[PDB]
Structures are given as C-alpha cells and as structure tokens.
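*Asks:* Okay, handing you the structure first.
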Amino acid sequence: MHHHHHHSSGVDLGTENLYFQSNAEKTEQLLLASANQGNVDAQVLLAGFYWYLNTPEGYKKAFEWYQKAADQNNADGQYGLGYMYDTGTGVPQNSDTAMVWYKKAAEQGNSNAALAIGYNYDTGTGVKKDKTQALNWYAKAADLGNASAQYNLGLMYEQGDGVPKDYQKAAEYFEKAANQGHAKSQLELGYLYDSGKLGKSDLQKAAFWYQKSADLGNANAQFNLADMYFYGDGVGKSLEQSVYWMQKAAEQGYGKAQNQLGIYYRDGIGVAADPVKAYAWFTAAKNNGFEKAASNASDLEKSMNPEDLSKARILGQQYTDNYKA
Ligand code: NI
Ligand code: NI
C-alpha cells in the first residue's frame, strides 16, 4: 500500500564484476602460508599486513609476528617490537622494553631504530632528556641514510638546540634529506637560501627547493613558491603561476593562503576580479583562524549587493568545508 517505494535503486543495485572483489583475503593466506613455515621475510611482511588493518585485533597479530621475526634475530622484527612497546600499540606501553629492542635493531644497522632512540633522548620520553645522546643517535641514523634523522639534525644546527647554531651545517643535513624527497627538508633548505643566512641570498635555489616541496604537496612551500612568482624572486614574475600555487595551498585549508587568494580575487591579481570568490576565500580564511581575513570580508560587504553577498556566504561555507589540512 506504500511498500512499492521499497524497490532497490542504482548504487545499491547492479550486476557485480571484478571491481567488487578484494585481494585482501588472498594476500593474507599467501603470507600466512609462508609465515607459518618459519620464513622470516614472510613473517615481517605479514606483520606489516596486519599492521595496516588499523584494528585492535590487527595490532595484536602484528605484534605476534614481529615477535616471531625478532626471535630469529631479524632487525625489522626487532624494530617493530620496539615501536609497539614504545607506543603501547598491540601491547602495554613500556619504554624500557622498547629501548632494548630498538638497540638490538640499530646495532644491526636499522636506521629507524637509531632514529627512534635519538628522538626519545631528544624529547626525554621514557628516558632523561639528553641532547648529546640525541645528537649521536640521530647522527648514526643519518649516516645510515635516514632522511628523517638528517632533517632533525638540520633543525638542531639551524636552531642551535644542543649544538652551536651553524646554518651551513644545517643546510648540508637538509640537502641530504631533500635529495631523498623529504618535502619538509626541501622547504627548510629553500628558506635558508631565501633568507641570506648562508652568506648571500640565493633566490634561484630558494625557488628551486620550494618548487620541489610544493610538488610533494607541502602547503607552506606552495604558498612560498606562489609568492616567489608574485615578486619574480628566482623565477620570472608570473601572476598566473602565483594564482596556480596559491590556489593549491588554499585548497589545503591554509588560512594564510586563503586570505592571500582572497586578495588576488578582490584586486584582480592573475585572475579577473571576482568579489564573490574573494569574499568566500576570506570567509574560509577567517573560519580557519586567520583573523585579518575577517575585516577583509567586512570591507567587501559594503560594495556587494544582497544576492552576491548571499552567494558569497554560501560559497565561503563550501570552501570552509571542502578544504582541509
Ligand atoms: Ni505498500
Ligand atoms: Ni506511493
């Protein structure tokens, strides 16, 4: 009498092909077959498979298999146990147990283990803060090629944290990490060149490294590069490229970039002027904590008719919702 409205409807209706299957169960059984025969490489792979399920039961099985691998003296298994104990993942948190496993792994040349140890000394989590120990363990990890450790040492020499400030040494560490694709190191190295702190500003190098970090999705680097194109710093001035990169940063919810893009639309910089879009970007910026955007939005209201203001406020909500870090 009304249940004629219960028929299924497209989306939850339609013939099923290979798109609806999943390889998960098959990959687990393939890995389990080998892991249950004692193959340590398979035990490490299977532990990582379980790790990736992000469930409490998944982390408990990850722990079981890293343990089997670590009992064969495998440094990946030892690192895995170290990290699980250190964070209380799949097992009760214990920093001292974690340190024992990390040290075994690092002695075998696992650079993430050396990094984790250095980080605990750096921050005093589980052990007493000791910047000398942090420095030594980070240096071990960096000499094994670990980009995060190289980055961390860059930060320490650039800030003088437990070492005397040395921007040249910082730039050398950052560049090792930057050459491996570490986007935050590329950003920091770009800034060192931008700033002149190395002796004389090198804006071409700054823009080069900001572009690398921007291509990897770093919103600060996208803002910085957009700004380089606005000024013609180390690249030829291009308002069109400035808009392109500013829009990328603003679509990550970066309030500073949203406000700047609002200015571009307000004043017709690299784009045709559009008060509706300008107001919407200032609104998103304000919603994201950029206080100066609020008055930017206020000032625009004065010159916008009520239809446009309504559309702008709705678009501003859309931009707030859809653009996140
Ligand atoms: Ni009915
Ligand atoms: Ni009906």
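Residues in the structure tokens are numbered from 1 in each chain, the chains being A, B, ... in the order shown, and ligands are numbered from 1 in the order shown.
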Could you please extract the residues within 8 Å of ligand 2, counting only C-alpha atoms and all ligand atoms, and hand them back as a PyMOL selection string?

*Replies:* chain A and resi 1-5

*Asks:* Include C-alpha atoms and write out the residues we just selected as a PDB file, in the first residue's frame.

*Replies:*
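Generated file (part-v2.pdb):
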ATOM      1  CA  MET A   1       0.000   0.000   0.000  1.00  0.00           C
ATOM      2  CA  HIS A   2       3.180   2.070   0.212  1.00  0.00           C
ATOM      3  CA  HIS A   3       5.840  -0.626   0.122  1.00  0.00           C
ATOM      4  CA  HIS A   4       6.119  -0.087  -3.630  1.00  0.00           C
ATOM      5  CA  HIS A   5       8.608   2.612  -2.559  1.00  0.00           C
TER       6      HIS A   5
END

*Asks:* Using only C-alpha atoms, which protein or nucleic acid residues come within 10 Å of residue A:94? Drop anything in the same chain fewer than 4 positions from it, and give the result as a compact mmCIF listing (two decimals) with C-alpha atoms, in the first residue's frame.

*Replies:*
# COMPACT_ATOMS: atom_id res chain seq x y z
CA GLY A 82 60.47 -1.67 19.77
CA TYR A 83 57.92 0.62 18.22
CA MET A 84 54.93 -1.34 19.53
CA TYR A 85 56.24 -1.35 23.11
CA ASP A 86 57.30 2.27 22.84
CA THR A 87 53.82 3.40 21.81
CA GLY A 88 51.65 0.80 23.56
CA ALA A 98 61.19 -0.70 23.76
CA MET A 99 64.71 0.68 24.20
CA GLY A 126 60.91 7.31 28.53

*Asks:* Do a neighbour search on residue A:237 at 12 Å with only C-alpha atoms, toss out local chain neighbours closer than 2 positions, and write the hits as a list in words.

*Replies:*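 With the cut-off at 12 Å, the set is residues 207, 225, 226, 227, 228, 229, 230, 231, 232, 233, 234, 235, 239, 240, 241, 242, 243 and 270 of chain A.
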
*Asks:* For stretch 101-109 of chain A, work out the shell of residues within 10 Å, counting only C-alpha atoms and skipping chain neighbours fewer than 2 positions away, then give it as a ChimeraX atom specification.

*Replies:* /A:70,73-83,85-86,96-99,111-117,137,140-141,144

*Asks:* Show which residues sit within 9 Å of stretch 167-172 of chain A, as a PyMOL selection string. Count only C-alpha atoms, and ignore same-chain residues fewer than 2 positions away.

*Replies:* chain A and resi 150-151+153-159+165+174-177+188-189+192-193+197-198

*Asks:* From the list A:148, A:166, A:286, A:201, which residue is nearest residue A:180 when using only C-alpha atoms?

*Replies:*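 Nearest to residue A:180: A:148.
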
*Asks:* Take atom CA of residue A:39 and atom CA of residue A:51 and report the distance between them in Å, one decimal.

*Replies:*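 Calculated distance between atom CA of residue A:39 and atom CA of residue A:51 is 18.3 Å.
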
*Asks:* Which neighbours of residue A:50 fall inside 12 Å, counting only C-alpha atoms, when residues of the same chain fewer than 2 positions from it are skipped, and could you give them as JSON, numbers by chain?

*Replies:* {"A": [24, 25, 27, 28, 29, 31, 32, 43, 44, 45, 46, 47, 48, 52, 53, 54, 55, 56, 57, 58, 59, 60, 61, 62, 63, 64, 65, 66, 90]}

*Asks:* Next, the residues of the selection above should be written as a PDB file, in the first residue's frame with N, CA and C atoms.

*Replies:*
ATOM      1  N   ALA A  24      42.501  -8.880  -0.472  1.00  0.00           N
ATOM      2  CA  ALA A  24      42.983  -8.921   0.909  1.00  0.00           C
ATOM      3  C   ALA A  24      43.083 -10.345   1.432  1.00  0.00           C
ATOM      4  N   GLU A  25      41.987 -11.104   1.357  1.00  0.00           N
ATOM      5  CA  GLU A  25      41.982 -12.426   1.974  1.00  0.00           C
ATOM      6  C   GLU A  25      43.021 -13.313   1.321  1.00  0.00           C
ATOM      7  N   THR A  27      45.836 -12.270  -0.197  1.00  0.00           N
ATOM      8  CA  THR A  27      47.193 -11.898   0.190  1.00  0.00           C
ATOM      9  C   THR A  27      47.491 -12.360   1.621  1.00  0.00           C
ATOM     10  N   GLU A  28      46.506 -12.300   2.520  1.00  0.00           N
ATOM     11  CA  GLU A  28      46.759 -12.805   3.864  1.00  0.00           C
ATOM     12  C   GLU A  28      47.058 -14.294   3.835  1.00  0.00           C
ATOM     13  N   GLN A  29      46.297 -15.087   3.066  1.00  0.00           N
ATOM     14  CA  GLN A  29      46.556 -16.527   3.063  1.00  0.00           C
ATOM     15  C   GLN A  29      47.899 -16.844   2.414  1.00  0.00           C
ATOM     16  N   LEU A  31      50.521 -14.951   2.552  1.00  0.00           N
ATOM     17  CA  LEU A  31      51.582 -14.637   3.519  1.00  0.00           C
ATOM     18  C   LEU A  31      51.567 -15.615   4.693  1.00  0.00           C
ATOM     19  N   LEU A  32      50.383 -15.927   5.212  1.00  0.00           N
ATOM     20  CA  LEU A  32      50.275 -16.866   6.323  1.00  0.00           C
ATOM     21  C   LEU A  32      50.905 -18.201   5.996  1.00  0.00           C
ATOM     22  N   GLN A  43      57.231 -13.457   7.678  1.00  0.00           N
ATOM     23  CA  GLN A  43      56.724 -13.031   8.972  1.00  0.00           C
ATOM     24  C   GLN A  43      56.713 -11.509   9.068  1.00  0.00           C
ATOM     25  N   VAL A  44      57.759 -10.863   8.551  1.00  0.00           N
ATOM     26  CA  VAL A  44      57.821  -9.401   8.569  1.00  0.00           C
ATOM     27  C   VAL A  44      56.756  -8.802   7.646  1.00  0.00           C
ATOM     28  N   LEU A  45      56.609  -9.356   6.441  1.00  0.00           N
ATOM     29  CA  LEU A  45      55.551  -8.887   5.542  1.00  0.00           C
ATOM     30  C   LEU A  45      54.172  -9.068   6.155  1.00  0.00           C
ATOM     31  N   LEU A  46      53.921 -10.232   6.781  1.00  0.00           N
ATOM     32  CA  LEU A  46      52.609 -10.495   7.343  1.00  0.00           C
ATOM     33  C   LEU A  46      52.332  -9.572   8.515  1.00  0.00           C
ATOM     34  N   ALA A  47      53.353  -9.309   9.348  1.00  0.00           N
ATOM     35  CA  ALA A  47      53.158  -8.354  10.433  1.00  0.00           C
ATOM     36  C   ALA A  47      52.763  -6.987   9.884  1.00  0.00           C
ATOM     37  N   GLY A  48      53.425  -6.541   8.809  1.00  0.00           N
ATOM     38  CA  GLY A  48      53.041  -5.260   8.211  1.00  0.00           C
ATOM     39  C   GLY A  48      51.639  -5.273   7.610  1.00  0.00           C
ATOM     40  N   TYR A  52      48.624  -2.747   8.872  1.00  0.00           N
ATOM     41  CA  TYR A  52      47.772  -1.914   8.061  1.00  0.00           C
ATOM     42  C   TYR A  52      46.260  -2.033   8.145  1.00  0.00           C
ATOM     43  N   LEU A  53      45.724  -2.933   8.933  1.00  0.00           N
ATOM     44  CA  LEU A  53      44.314  -3.054   9.119  1.00  0.00           C
ATOM     45  C   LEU A  53      43.762  -2.013  10.070  1.00  0.00           C
ATOM     46  N   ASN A  54      44.619  -1.455  10.896  1.00  0.00           N
ATOM     47  CA  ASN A  54      44.250  -0.463  11.865  1.00  0.00           C
ATOM     48  C   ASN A  54      43.112  -0.865  12.775  1.00  0.00           C
ATOM     49  N   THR A  55      43.179  -2.063  13.293  1.00  0.00           N
ATOM     50  CA  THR A  55      42.218  -2.555  14.256  1.00  0.00           C
ATOM     51  C   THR A  55      42.945  -3.119  15.463  1.00  0.00           C
ATOM     52  N   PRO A  56      42.316  -3.118  16.621  1.00  0.00           N
ATOM     53  CA  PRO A  56      43.000  -3.686  17.796  1.00  0.00           C
ATOM     54  C   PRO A  56      43.419  -5.124  17.580  1.00  0.00           C
ATOM     55  N   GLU A  57      42.578  -5.910  16.895  1.00  0.00           N
ATOM     56  CA  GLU A  57      42.939  -7.296  16.617  1.00  0.00           C
ATOM     57  C   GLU A  57      44.086  -7.365  15.615  1.00  0.00           C
ATOM     58  N   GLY A  58      44.083  -6.450  14.646  1.00  0.00           N
ATOM     59  CA  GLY A  58      45.199  -6.355  13.720  1.00  0.00           C
ATOM     60  C   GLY A  58      46.512  -6.066  14.425  1.00  0.00           C
ATOM     61  N   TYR A  59      46.501  -5.136  15.379  1.00  0.00           N
ATOM     62  CA  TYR A  59      47.774  -4.815  16.040  1.00  0.00           C
ATOM     63  C   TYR A  59      48.236  -5.954  16.938  1.00  0.00           C
ATOM     64  N   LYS A  60      47.299  -6.705  17.533  1.00  0.00           N
ATOM     65  CA  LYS A  60      47.719  -7.871  18.312  1.00  0.00           C
ATOM     66  C   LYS A  60      48.401  -8.930  17.444  1.00  0.00           C
ATOM     67  N   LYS A  61      47.879  -9.173  16.234  1.00  0.00           N
ATOM     68  CA  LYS A  61      48.550 -10.134  15.356  1.00  0.00           C
ATOM     69  C   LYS A  61      49.861  -9.577  14.798  1.00  0.00           C
ATOM     70  N   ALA A  62      49.892  -8.282  14.489  1.00  0.00           N
ATOM     71  CA  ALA A  62      51.168  -7.675  14.093  1.00  0.00           C
ATOM     72  C   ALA A  62      52.224  -7.953  15.152  1.00  0.00           C
ATOM     73  N   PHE A  63      51.849  -7.770  16.413  1.00  0.00           N
ATOM     74  CA  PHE A  63      52.814  -7.982  17.483  1.00  0.00           C
ATOM     75  C   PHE A  63      53.287  -9.428  17.504  1.00  0.00           C
ATOM     76  N   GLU A  64      52.344 -10.381  17.386  1.00  0.00           N
ATOM     77  CA  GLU A  64      52.749 -11.789  17.371  1.00  0.00           C
ATOM     78  C   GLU A  64      53.783 -12.074  16.278  1.00  0.00           C
ATOM     79  N   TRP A  65      53.596 -11.494  15.100  1.00  0.00           N
ATOM     80  CA  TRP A  65      54.515 -11.862  14.030  1.00  0.00           C
ATOM     81  C   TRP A  65      55.826 -11.088  14.057  1.00  0.00           C
ATOM     82  N   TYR A  66      55.818  -9.821  14.493  1.00  0.00           N
ATOM     83  CA  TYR A  66      57.098  -9.167  14.718  1.00  0.00           C
ATOM     84  C   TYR A  66      57.884  -9.926  15.770  1.00  0.00           C
ATOM     85  N   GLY A  90      49.170  -2.559  20.376  1.00  0.00           N
ATOM     86  CA  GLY A  90      49.038  -4.004  20.409  1.00  0.00           C
ATOM     87  C   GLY A  90      49.649  -4.682  21.612  1.00  0.00           C
TER      88      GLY A  90
END

*Asks:* Leaving out residue A:257 and any residue of its chain fewer than 2 positions from it, which residues lie within 8 Å of it when counting only C-alpha atoms, given as a PDB file with C-alpha atoms, in the first residue's frame?

*Replies:*
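Below you can see part_28.pdb, which holds the result:
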ATOM      1  CA  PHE A 223      52.466  29.490  -0.567  1.00  0.00           C
ATOM      2  CA  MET A 246      48.202  29.924  -4.148  1.00  0.00           C
ATOM      3  CA  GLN A 247      45.050  28.003  -5.066  1.00  0.00           C
ATOM      4  CA  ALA A 249      47.828  25.974  -0.816  1.00  0.00           C
ATOM      5  CA  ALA A 250      44.380  27.445  -0.202  1.00  0.00           C
ATOM      6  CA  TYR A 254      45.941  27.038   4.872  1.00  0.00           C
ATOM      7  CA  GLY A 255      44.401  30.215   6.247  1.00  0.00           C
ATOM      8  CA  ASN A 259      43.395  35.145   2.676  1.00  0.00           C
ATOM      9  CA  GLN A 260      46.037  35.857   0.032  1.00  0.00           C
ATOM     10  CA  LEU A 261      43.924  34.225  -2.655  1.00  0.00           C
ATOM     11  CA  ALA A 285      40.414  32.050   5.979  1.00  0.00           C
TER      12      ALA A 285
END

*Asks:* As a PyMOL selection string, please: all residues of stretch 252-297 of chain A that backbone DSSP puts in helix (DSSP H, G or I).

*Replies:* chain A and resi 255-267+275-287+292-297

*Asks:* Atom CA of residue A:218 and atom CA of residue A:315, how far apart in Å?

*Replies:*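 Atom CA of residue A:218 lies 24.9 Å from atom CA of residue A:315.
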